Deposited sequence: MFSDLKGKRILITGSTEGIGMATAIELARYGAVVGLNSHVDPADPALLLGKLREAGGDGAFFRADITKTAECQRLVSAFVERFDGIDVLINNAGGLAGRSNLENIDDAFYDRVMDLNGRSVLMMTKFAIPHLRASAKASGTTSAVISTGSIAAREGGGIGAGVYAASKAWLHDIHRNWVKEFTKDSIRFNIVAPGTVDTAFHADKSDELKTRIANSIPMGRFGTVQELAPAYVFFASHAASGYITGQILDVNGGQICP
């Protein structure tokens, strides 16, 4: 993954969990990583230290990407700082509460779909021209990676229907983006985490077991001929 050195990678929802672990793993190969959350972390400089300690660089950008204006602002701020985008990682998302169908109102639907649907759509939209520029300059490809879910495939847990559907939504919109943007040499791939006795490996995954898949999809040398794919990382929980 020597081709990740100096690559400018914007990761949404990356101050904790999978996003932060991915940021660090990418930074180990010299990536320049834009961290993001809707809230300021306790110690932003510490996160930056971990990126630089690993061998890369970066910055933290606060932005609430449930709002389209904020997606625009985040992309513009990242490009102002680093002069472009080589990889976008759509990682921000989540359940945003649980509700059986009969208790779902407009507010609940809006909340879940803004977090998991509108955010990914608009982040990607605003990143496209920068990703297009990146691939043109490098003569290789640029990349989008999005965090999917097992729930996209088998409906998710009771009360998590809208969330599950939003991930199926994501998995399929990537297929559309392959059709539109492969001509621009932009690749699109998904890492789909699982959720214990329904898991063949008999345990939940750790963030360290998720990060390498993102690194793989980020590197043109590793995955340059790979686009429109979903790699499920779930200890065998589903074998699609």
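Visitor: What ranges of the deposited sequence, counted from 1, have no C-alpha atoms in this structure?
Guide: Absent from the structure are positions 1, 197 to 213.
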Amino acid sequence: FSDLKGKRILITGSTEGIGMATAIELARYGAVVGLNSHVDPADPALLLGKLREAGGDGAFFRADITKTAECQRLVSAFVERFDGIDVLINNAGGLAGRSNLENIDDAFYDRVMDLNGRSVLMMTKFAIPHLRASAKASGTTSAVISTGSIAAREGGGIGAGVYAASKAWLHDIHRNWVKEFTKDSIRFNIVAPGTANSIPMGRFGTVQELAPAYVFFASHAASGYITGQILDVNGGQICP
From here on, numbers count along this sequence of modelled residues.
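Visitor: On average, are the C-alpha B-factors higher in 112 to 120 or in 165 to 173?
Guide: Averaged over C-alpha atoms, the B-factors run higher in 112 to 120.
Visitor: Quick check: 215 to 223 versus 14 to 22, which has the larger average CA B-factor in the record?
Guide: Mean B over CA atoms: larger for 14 to 22.
Visitor: If you compare 155, 97, 148, 129, which has the highest Cα B-factor in the entry?
Guide: The listed residue with the largest C-alpha B-factor is 97.
Visitor: Check where residue 70 lands among this chain's C-alpha B-factors and tell me if it's the lowest, middle or highest third.
Guide: CA B-factor rank for residue 70: middle third.
Visitor: Would you mind ranking residue 137 by its C-alpha B-factor against the rest of the chain and naming the third, lowest, middle or highest?
Guide: It falls in the top third of the chain.
Visitor: Would you mind ranking residue 48 by its C-alpha B-factor against the rest of the chain and naming the third, lowest, middle or highest?
Guide: Within its chain, residue 48 is a highest-third residue by C-alpha B-factor, going by the deposited values.
Visitor: Report the third (lowest, middle or highest) to which the CA temperature factor of residue 160 belongs, ranking only the modelled residues of the same chain.
Guide: For residue 160, whose C-alpha B-factor we compare with every modelled residue in the chain, the answer is the middle third.
Visitor: State the tercile, meaning the lowest, middle or highest third, of residue 79 with respect to the CA B-factors recorded for its chain.
Guide: Tercile = highest for this residue's CA B-factor.
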